[PDB]
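Let me begin by presenting the structure, written as structure tokens, before commenting on it.
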Amino acid sequence: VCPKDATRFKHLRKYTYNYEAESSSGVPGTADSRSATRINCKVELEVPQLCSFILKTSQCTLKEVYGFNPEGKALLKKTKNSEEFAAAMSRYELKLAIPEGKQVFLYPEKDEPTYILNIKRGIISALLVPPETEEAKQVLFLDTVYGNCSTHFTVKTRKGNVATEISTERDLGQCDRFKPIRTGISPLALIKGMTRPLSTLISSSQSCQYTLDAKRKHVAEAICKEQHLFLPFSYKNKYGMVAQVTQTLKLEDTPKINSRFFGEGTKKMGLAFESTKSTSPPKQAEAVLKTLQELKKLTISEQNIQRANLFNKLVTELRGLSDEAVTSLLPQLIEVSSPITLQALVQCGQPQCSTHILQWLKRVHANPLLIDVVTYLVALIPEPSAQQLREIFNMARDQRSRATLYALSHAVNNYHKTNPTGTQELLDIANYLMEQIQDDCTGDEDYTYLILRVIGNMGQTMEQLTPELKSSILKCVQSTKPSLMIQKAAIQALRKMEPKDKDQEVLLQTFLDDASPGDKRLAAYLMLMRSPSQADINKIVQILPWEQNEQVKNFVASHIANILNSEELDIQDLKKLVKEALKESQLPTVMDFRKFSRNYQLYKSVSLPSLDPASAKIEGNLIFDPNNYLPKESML
Amino acid sequence: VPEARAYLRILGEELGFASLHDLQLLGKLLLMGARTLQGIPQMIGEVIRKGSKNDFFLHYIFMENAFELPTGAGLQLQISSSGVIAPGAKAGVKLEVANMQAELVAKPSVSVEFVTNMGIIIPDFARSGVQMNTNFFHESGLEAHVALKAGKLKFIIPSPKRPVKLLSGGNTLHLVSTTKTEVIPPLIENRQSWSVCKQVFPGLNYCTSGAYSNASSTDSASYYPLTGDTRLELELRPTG
């Protein structure tokens with residue numbers, strides 16, 4: 001829908017505008033002294049179809065006031081980036097279509113940068129012209145980059161039924177986005193929620209001056225100005241701070257074009273605003289270093305006057321910085337300083353500083369117990385990030401201790417529950433554990449056992465990504481090269497690996513094996529009961545009166561008696577299969593409990609009012625040998 | 001050799017284990033901790049004999065509030081304010097062995113700093129802001145140097161050649177551009193800069209100074225405590 005009232009343009013036209021804006025920050029009292037910047041751009045509005053807008057701009061030159069002139073004038077010059085700034089819009093073309101003249105929707109291409117996006121949005125908001133109405137007061141909800149705003153409409157000069165000079169005036173305190181954006185805050189400053197009176201301490205409003213023509217409804221001239229006033233900490237609430245933003249648009253040419261086509265990109269974007277991080281060139285961070293050099297000088301200079309200032313400005317620039325650059329430069333900060341690094345890290349309200357605490361620890365070469373303690377205490381922090389995963393991977397590989405690896409398992413579990421997307425880092429860790437396990441599962445005993453336990457923790461992600469580790473663990477299971485502890489670790493690994501059919505087959509193979517050790521077979525039997533099949537259960541039933549180690553047979557018989565004894569949901573489901581398997585077989589009578597392995601169980605079901613009956617299950621495994629008097633193995 | 005080990009699982013996930021090998025690790029780490037401890041007193045004796053300096057400066061945030069809002073053209077109107085204390089101290093007494101020469105320094109200092117930062121950011125590109133700035137710094141430390149040579153003692157008290165000051169409220173504004181940090185120079189009209197000194201000691205003079213610009217009648221400009229790098233300070237000037 002393209003209403004004719006909002007037809008502030010002409011189809012098949014190329015309006016060539018010059019956008020020049022001056023931003024000045026400072027005070028009028030001190031000879032109007034203020035930092036001033038000039039931006040210029042050549043905009044080529046391309047309107048072949050009503051409500052179809054095509055935008056190519058270039059010639060975007062920016063200059064800055066570095067010196068002034070005694071007559072009050074100033075001096076501008078190019079920077080090192082305005083050229084690269086040109087590269088921003090020398091490449092990008094914009095298409096957009098706006099239904100009824102308020103559904104602002106754009107078609108970005110090749111992931112146009114957020115700052116470029118918002119600058120284009122500001123340009124469009126400057127370019128938005130309301131539909132004609134014969135009413136000197138027309139206030140309504142108008143969408144801008146700053147949100148839905150209650151903007152009025154008063155025509156200063158109207159020729160007949162067509163307005164010529166229009167002043168679009170509005171007050172900035174009325175839009176949706178009046179809340180201060182949640183920015184990086186030092187957690188150590190306990191001042192909270194005091195922002196409301198300060199927002200009251202802020203005044204600002206906008207007025208645009210538009211010149212139209214009753215020939216093609218084209219805009220000849222546009223003059224827009226924003227004026228903020230900061231009230232407090234001056235006197236008589238009038239000599240406070242003032243901020244002016246002035247932009248102008250001159251129509252230069254409008255050649256006729258001929259193109260009956262409007263393209264649209266893959267993105268259908270509104271006139272909202274997206275999160276944008278304080279970004280800065282890394283090069284200036286180098287001055288940061290010489291800045292710390294100043295500190296190095298200052299202590300010999302014995303001057304403390306201007307120190308907190310640089311501290312805050314530097315951490316400010318920091319919060320203007322990035323992550324990978326900072327992790328690259330941090331060793332320099334370490335080699336030059338350390339208590340200062342402590343100050344900066346502790347006075348940092350950014351996740352990256354906490355991330356880099358880890359390099360701090362590993363570069364001061366602290367005590368292993370302390371680093372493992374901090375490893376745990378940060379391991380419980382939610383919302384894991386790939387970066388944190390990388391540091392913890394590094395320090396795991398460097399220390400290879402217990403608490404570190406436990407933190408690895410738990411943090412990876414947190415991210416797995418958090419982000420379903422499995423990235424390259426998971427693959428890197430999987431490859432590392434492949435090279436840690438080989439295929440025979442040879443190596444140390446405690447170290448490799450811990451390896452087996454942690455992959456037993458991560459088996460779900462292992463299967464979801466890399467079944468080669470599953471092949472390795474299965475071939476180690478069906479191998480006698482390692483010790484019994486390794487075999488038991490392989491058995492306990494399948495806890496949350498959900499053995500469907502092949503692991504069940506392997507367990508049945510290694511259990512019905514008579515040469516398999518008694519403890520190995522007991523573990524295989526105990527874990528085969530997780531989700532067994534009627535065929536497997538039946539076969540085990542017939543093999544039971546023929547297996548060796550009569551203590552194992554008595555343990556199995558006691559276990560089956562315990563299973564058939566209790567009544568619940570899943571245990572009755574298992575008892576169904578047990579009865580389906582107990583057709584042409586019997587079980588030996590259990591005798592003694594002080595010399596043979598024994599299985600004991602207990603269930604407590606309680607009924608809650610208007611809730612589910614809570615069931616508590618207690619298990620006890622007392623493995624005994626005919627030459628022992630005390631429980632050799634007792635897992636509860 | 002029998003081997004026994006105990007592990008614990010919460011909700012399936014574990015939290016560690018204990019074994020005889022763990023006990024051996026504990027014994028060896030206790031031994032290594034003792035071996036680290038035993039050499040410490042010699043190291044600290046050596047370092048105090050060599051002499052050094054120690055500094056304790058906690059630039060602790062007591063008030064911070066930061067934020068930014070979008071602009072009509074799509075730029076980053078940044079505004080924040082901060083109040084900080086950095087109550088540090090500089091010490092470190094060097095000892096000269098076989099020279100009996102002691103050099104003593106201990107100068108605690110107190111600094112109340114406050115800033116408001118305002119202005120615009122152009123993300124990844126540039127910036128243009130303004131800085132209201134207030135410092136309140138005080139310090140009190142004593143200098144002495146004791147040397148012993150051929151049974152000829154002496155207590156040497158060096159005088160800081162700068163006017164050791166005690167009271168200072170500094171109020172200054174700055175313009176810090178993308179790659180520059182500049183002070184806003186004071187007005188020269190009605191530039192009232194006065195200093196009153198008292199001869200309290202033949203080597204030190206008790207001075208009070210006030211430097212500002214009397215622009216009260218000037219429009220669009222605040223009063224004498226504002227509108228300039230106002231400097232009202234209390235110092236002690238060495239006579240030289």
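By order in the structure tokens, chains are A, B, ...; within a chain, residues start at 1; ligands start at 1, following the order shown.
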
Practice item. Find the residues of chain B in contact range of chain A, meaning any atom within 6 Å when counting only C-alpha atoms, and list them as number ranges by chain. Key: B: 61-64, 67-68, 72-74, 123-124, 129, 220-222

Review point. Tell me, which residues of stretch 485-561 of chain A carry DSSP helix (DSSP H, G or I), written as a VMD selection string?
Key: chain A and resid 485 to 496 502 to 512 518 to 528 534 to 546 550 to 561

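Picture a line from atom CA of residue B:174 to atom CA of residue A:290; it runs 20.8 Å.
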
Exercise for review: In Å, rounded to a single decimal, give me how far atom CA of residue B:110 is from atom CA of residue B:235.
Suggested key: 15.3 Å

Revision key, fill the gap. One residue among A:516, A:161, A:436, A:387 is nearest to residue A:449 when using only C-alpha atoms, and that residue is A:436

Exercise for review: Excluding residue B:196 and any residue of its chain fewer than 6 positions from it, enumerate the residues within 10 Å of it, using only C-alpha atoms, and give them as JSON, numbers by chain.
Suggested key: {"B": [205, 206, 207, 208, 209, 210, 234]}

Review point. Between A:258, A:104, A:522, A:608, which is the closest to residue A:622 once you count only C-alpha atoms?
Key: A:522

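Proximity of B:77, B:120, B:187, B:105 to residue B:145, computed with only C-alpha atoms, is greatest for B:105.
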
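Going from atom CA of residue B:95 over to atom CA of residue B:150, you cover 17.3 Å.
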
Exercise for review: Could you give me, as an MDAnalysis selection string, the residues within 10 Å of residue A:581, counting only C-alpha atoms and dropping anything in the same chain fewer than 3 positions from it?
Suggested key: chainID A and resid 534:542 575:578 584:585

**Study point:** Residue neighbourhood residue A:40, 7 Å, only C-alpha atoms, exclusion window fewer than 5 positions, as a PyMOL selection string
**Key:** chain A and resi 18-21+60-62

Practice item. Fewer than 5 positions away in the same chain doesn't count, so skip those; otherwise give me all residues within 9 Å of residue A:171, counting only C-alpha atoms, as JSON, numbers by chain. Key: {"A": [149, 150, 151, 203, 204, 205, 206, 207]}
